[PDB]
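Side chains are part of it too, since the values below use all heavy atoms of this structure and drop only hydrogens, waters and symmetry mates. The chains referred to below are lettered A, B, ... by the order of the sequence lines, with proteins before strands, and numbering in each begins at 1.
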Amino acid sequence: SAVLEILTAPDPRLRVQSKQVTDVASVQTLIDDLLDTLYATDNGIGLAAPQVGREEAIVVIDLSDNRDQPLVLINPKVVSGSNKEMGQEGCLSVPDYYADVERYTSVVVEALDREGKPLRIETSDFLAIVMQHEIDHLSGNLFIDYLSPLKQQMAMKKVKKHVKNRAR
Amino acid sequence: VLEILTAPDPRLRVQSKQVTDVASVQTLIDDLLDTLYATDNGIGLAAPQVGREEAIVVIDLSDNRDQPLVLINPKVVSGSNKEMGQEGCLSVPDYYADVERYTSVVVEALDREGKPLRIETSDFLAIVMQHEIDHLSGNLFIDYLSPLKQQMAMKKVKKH
Ligand SMILES: CCCCC[C@H](CC(=O)NO)C(=O)N[C@H](C(=O)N1CCC[C@H]1CO)C(C)C
Ligand SMILES: CCCCC[C@H](CC(=O)NO)C(=O)N[C@H](C(=O)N1CCC[C@H]1CO)C(C)C
Ligand code: NI
Ligand code: NI
């Protein structure tokens, strides 16, 4: 068990390549901690383990209004995608910066659910975008990596200020 | 398209002269814009960087490079909230280092037809204006760095 902190850029732990999970029983506590941490944010809808400094390939998502529809993805991978479009994204690890990012709008993701059983999600919903964002975190990528150098400097400046001025 | 000078070049250290006749510098403004838009990566350009002593700056922070900002006789009249931020410079190519700037500024200037302009900003534009305006008094951002860092800068420029 752990108290998890959401890390913010620039922090090299956000750039680590995640490790595949080979012992699903061993990550149940982390999954519940990740869910609690996501549910403690005002606005977050997903969270990836590298964002709390853990190297396991684990993502949690909850798109629901009441936050009672948790989705847990272990070892997720995009196995098909098509129909790229631009859409605004923000990130708990790049707080207070938002920009349009290109993603597939139809995707199939394969993973294990939290009990270790095979999971295959086929979606053209906003969930497709959210899964791609979270899966990017597992390869140490942030959405600002797709932007121009000027926009990346703009983002880092905004993050630094938001983090410095955050209230307790 | 004009040529951008690199340090060490005493023309980068010239104190710029105020512009009193806006019509006579209209050709230079378009020349500065063409020269900036011919760079791979630049977002602003000051007249001393093309060997001219007139107090003129051009800036474009847009993705498509279709929102030029032209500043004649620009002056920082207020600033607050100094912070460190990375800068690079077309006149110190391939050198990047953290430098202190105001993150909230008020700049007074004239637009390209001479009417008064007052820009109050806490955005990234604040940094770019300060960097460009520094060029007009013959300052490069490396002047604010330690001697060891300045020594390094000169080596990097030469290799470019
Ligand atoms: C949009 C694609 C990614 C969503 C996941 C992120 C959280 C995150 O960084 N996951 O790695 C999020 O909730 N981002 C929020 C976000 O961008 N949201 C919240 C839902 C709508 C959208 C507004 O841009 C911000 C406010 C932190
Ligand atoms: C950053 C504040 C001032 C920037 C202005 C300079 C140009 C300059 O030398 N003006 O006198 C620029 O475009 N610099 C570029 C720069 O540092 N950039 C380009 C946009 C983002 C940032 C780092 O990538 C380099 C690559 C030449
Ligand atoms: Ni994110
Ligand atoms: Ni410069």
Point to revise | Enclosure of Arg166(A) CZ (heavy-atom neighbours >12, cutoff 6.0 Å) | key: yes
Check your understanding: Could you state the interatomic distance from CG (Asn139(B)) to CD1 (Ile133(B)), rounded to the nearest 0.5 Å?
Key -> 12.0 Å
Review point. How about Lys82(B): does its NZ atom have over 12 heavy atoms from other parts shown lying under 6.0 Å from it?
Key: yes
Point to revise | Shared hydrophobic cluster, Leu127(A) / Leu138(A) (ILVMFWY, side-chain heavy atoms < 4.5 Å) | key: yes
Practice item. For the residue pair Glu132(B) and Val128(B), establish whether any side-chain heavy-atom pair is separated by less than 4.5 Å. Key: yes
Review point. For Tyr104(A), does its backbone N or O pair with a side-chain atom of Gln132(A) as donor and acceptor, under 3.5 Å?
Key: yes
Practice item. Could you check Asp96(A) against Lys158(A) for salt bridge (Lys or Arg N to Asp or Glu O under 4.0 Å), going step by step and ending with a plain yes or no? Key: CA-CA 6 Å; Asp96(A) 206 48; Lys158(A) 283 184 118 307; 3.0 Å; yes
**Study point:** Main-chain N/O of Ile142(B) paired with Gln150(B) side-chain donor or acceptor, under 3.5 Å
**Key:** yes
Check your understanding: Do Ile119(B) and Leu69(B) have side-chain heavy atoms sitting under 4.5 Å apart?
Key -> yes
Exercise for review: Find out whether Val59(A) and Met131(A) are in side-chain contact, i.e. whether some heavy atom of one side chain is under 4.5 Å from a heavy atom of the other.
Suggested key: no
Check your understanding: For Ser64(A) and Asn66(A), what are the C-alpha separation, side-chain angles and deciding distance, and is it a side chain to side chain donor-acceptor pair (under 3.5 Å)?
Key -> CA-CA 6 Å; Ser64(A) 68; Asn66(A) 303 144; over 6 Å; no
**Study point:** Separation between CD1 of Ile43(B) and CG of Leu36(B), rounded to the nearest 0.5 Å
**Key:** 9.0 Å
Practice item. Test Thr103(B) against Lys161(A) for side chain to side chain contact (heavy atoms under 4.5 Å, CB included), laying out the working first. Key: CA-CA 10 Å; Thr103(B) 59; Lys161(A) 190 204 187 164; over 6 Å; no
Practice item. Mind running side chain to side chain donor-acceptor pair (under 3.5 Å) on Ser106(A) and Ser124(A) for me, showing each step along the way? Key: CA-CA 4 Å; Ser106(A) 291; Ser124(A) 52; 4.8 Å; no
Check your understanding: Can you hop from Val16(A) to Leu14(A) via hydrophobic side chains spaced under 4.5 Å?
Key -> no
Practice item. Could you check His137(A), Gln51(A), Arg13(A) and say which one makes a side-chain hydrogen bond (donor to acceptor under 3.5 Å, both in side chains) with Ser93(A)? Key: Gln51(A)
Point to revise | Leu61(B) and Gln67(B): CA distance, side-chain angles, deciding distance, side chain to side chain contact (heavy atoms under 4.5 Å, CB included) verdict | key: CA-CA 7 Å; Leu61(B) 302 182; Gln67(B) 278 167 293; over 6 Å; no
Review point. Taking the side chain from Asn75(A) and the backbone from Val21(A), do they hold a donor-acceptor pair closer than 3.5 Å?
Key: yes
Exercise for review: Measure the CZ-CG distance between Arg103(A) and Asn83(A) for me, rounded to the nearest 0.5 Å.
Suggested key: 15.5 Å
Review point. Counting only N and O atoms by type, is there a donor-acceptor contact under 3.5 Å from the side chain of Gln28(A) to the main-chain atoms of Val24(A)?
Key: yes
Exercise for review: Rounded to the nearest 0.5 Å, what's the gap from CG on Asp100(A) to CG on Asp63(B)? Could you check?
Suggested key: 10.0 Å
**Study point:** Any donor-acceptor pair under 3.5 Å from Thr35(B) side chain to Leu2(B) backbone
**Key:** yes
Review point. How far does CD of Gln153(A) sit from OG of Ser148(A), to the nearest 0.5 angstrom?
Key: 10.0 Å
Review point. Backbone N or O of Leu142(A) within a donor-acceptor pair of the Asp145(A) side chain at under 3.5 Å?
Key: yes
Practice item. Please report the shortest heavy-atom distance between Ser18(A) and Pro50(A), naming the atom on each side. Key: OG-CG, 3.2 Å
Check your understanding: Quick check: are there more than 12 heavy atoms from other residues, nucleotides or ligands sitting under 6.0 Å from CD of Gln88(A)?
Key -> yes
Check your understanding: Side chains of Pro93(B) and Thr6(B): does their closest heavy-atom pair fall under 4.5 Å?
Key -> yes
Review point. Of all heavy-atom pairs between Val105(B) and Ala126(B), which one has the smallest distance, and what is that distance?
Key: CG1-CB, 3.7 Å
Review point. Under 4.5 Å between side-chain heavy atoms, hopping through other hydrophobics if needed: is there a path connecting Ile4(B) to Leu28(B)?
Key: yes
Review point. Has the side chain of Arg67(A) got a donor or acceptor atom that lies under 3.5 Å from a matching backbone atom of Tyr39(A)?
Key: yes
Check your understanding: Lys157(A): what forms a salt bridge (charged side-chain N to carboxylate O under 4.0 Å, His left out) with it, not counting sequence neighbours?
Key -> none
Point to revise | Atom pair CG (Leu92(A)) and CG (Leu7(A)), whose distance is rounded to the nearest 0.5 Å | key: 11.5 Å
Study note, to complete from the structure: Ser139(A) and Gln17(A) have their tightest heavy-atom pair at CA-OE1, 3.5 Å
Practice item. For the residue pair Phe143(A) and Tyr97(A), categorise the inter-ring angle as parallel (less than 30°), tilted (30 to 60°) or perpendicular (more than 60°). Key: parallel
**Study point:** ILVMFWY network linking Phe126(A) to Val78(A), side-chain heavy atoms under 4.5 angstrom
**Key:** yes
**Study point:** side chain to side chain contact (heavy atoms under 4.5 Å, CB included) between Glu110(A) and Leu119(A), intermediate numbers included
**Key:** CA-CA 6 Å; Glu110(A) 282 184 352; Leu119(A) 182 56; over 6 Å; no
Review point. Where do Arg112(B) and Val25(B) land on the side chain to side chain contact (heavy atoms under 4.5 Å, CB included) test, with the steps shown first?
Key: CA-CA 9 Å; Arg112(B) 74 170 305 164; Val25(B) 298; over 6 Å; no
Check your understanding: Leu4(A), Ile74(A): one ILVMFWY side-chain cluster at the under-4.5 Å cut-off?
Key -> yes
Exercise for review: Determine, for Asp31(B) against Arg52(B), whether the closest basic-nitrogen to carboxylate-oxygen distance falls under 4.0 angstrom.
Suggested key: no
